[PDB]
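# Chains, contacts and geometry: an overview
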Amino acid sequence: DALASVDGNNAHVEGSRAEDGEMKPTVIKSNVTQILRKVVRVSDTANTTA
Amino acid sequence: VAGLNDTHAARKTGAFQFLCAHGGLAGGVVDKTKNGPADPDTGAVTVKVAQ
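Thresholds applied
- Residues numbered from 1 in each chain as written, not as in the entry; some residues may be left out.
- Chains lettered and ligands numbered in written order.
- Part of a larger assembly, values for the part shown.
- Heavy atoms only, no water.
- Helix = DSSP H or I, 4+ residues; strand = E, 2+ residues; numbered from the N terminus.
- Rg over C-alpha atoms; globule rule 2.2 N^0.38 Å.
- Buried < 20%, exposed > 50% of the residue type's maximum accessible area, 1.4 Å probe, protein only.
- Areas by Shrake-Rupley, 256 points an atom, 1.4 Å probe, with all protein chains shown as cover.
- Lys, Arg positive; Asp, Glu negative; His and termini not counted.
- Charge placed at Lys NZ, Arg CZ, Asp CG, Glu CD.
- Polar contact = N/O pair within 3.5 Å; in protein donor to acceptor, adjacent residues only side chain to side chain.
- Patch = residues over 30% accessible without salt bridge, like charges linked within 9 Å, V, L, I, M, F, W, Y side chains within 5 Å.
- Salt bridge = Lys/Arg side-chain N within 4 Å of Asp/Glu carboxyl O.

Structure determination for this entry, per the PDB record, employed cryo-EM and reached 3.5 Å resolution.

### Describing the overall build of chain A
Check the secondary structure of chain A and you find one helix and zero strands. Here the C-alpha atoms of chain A give a radius of gyration of 32 Å, more than 25% beyond the 10 Å that 2.2 N^0.38 yields for 50 residues. With the C-alpha coordinates of chain A rotated into their principal frame, the extents come out at 95 × 20 × 10 Å. Residue burial in chain A is summarised as follows: out of 50 residues, 0% are buried. When the accessible surface of chain A is split by element, carbon and sulfur atoms take 52% of a total near 6,100 Å². Mean positive and mean negative side-chain charge positions of chain A (6 and 7 charges, respectively) differ by 22 Å.

### A short note on the overall build of chain B
Looking only at helices and strands, chain B has zero helices and zero strands in total. A compact globule built from 51 residues should have a C-alpha radius of gyration of about 10 Å, whereas chain B, at 16 Å, is more than 25% larger. Dimensions of chain B, computed from C-alpha atoms along their principal axes, come out at roughly 45 × 25 × 15 Å. Each of the 51 residues in chain B was classed as buried or not, and the buried ones make up 10%.

### Quick word on the side chain of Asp-31 of chain B
Residue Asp-31 of chain B is classed as buried on the basis of its relative accessible area, which comes to 17%. Among the polar contacts made by the side chain of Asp-31 of chain B, one reaches the side chain of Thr-33 of chain B at a distance of 2.9 Å.

### Concerning a negative patch on the surface
The grouping of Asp-7, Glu-19, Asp-20 and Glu-22 of chain A at the surface amounts to a negative patch. Within the secondary structure, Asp-20 of chain A is located in the segment before helix 1 (44–48).

### A word on the pattern of salt bridges
For the structure shown, the criterion picks out one salt bridge over all chains. Two residues, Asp-31 of chain B and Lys-34 of chain B, come together in a salt bridge whose shortest N-O distance is 3.7 Å.

Given below as C-alpha cells:
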C-alpha cells in the first residue's frame, strides 16, 4: 500500500471546501507453492550385486 | 465494488428464518409456505408448515 504520486499542483483557495473522496483498493500480492518430486526405482537384484 | 463511496445499498442481517433451513425466498423476506430442505445426513425437516 505504497504512497500516492506526488501532487506538484497541490494549490488550493483559502475558503474552499474539500473535494471528493479518495477511495483506494487494498491490493494484495500472492503466490503459490510448487511440488518438486524425485522418484527412483531400483530392482532388488541390482541392489545385491557388488 | 471499489470506487463507490456512499452510493452503495443498505445491508440486511440473516434473521431467524434465513439462518434456518428456510428452503427458498419470497423476495426480501423468507417464504412461509415452502417446507425447508430435508437434512441430507438425517431425515429431518426443521422448517414445516401447519397442516
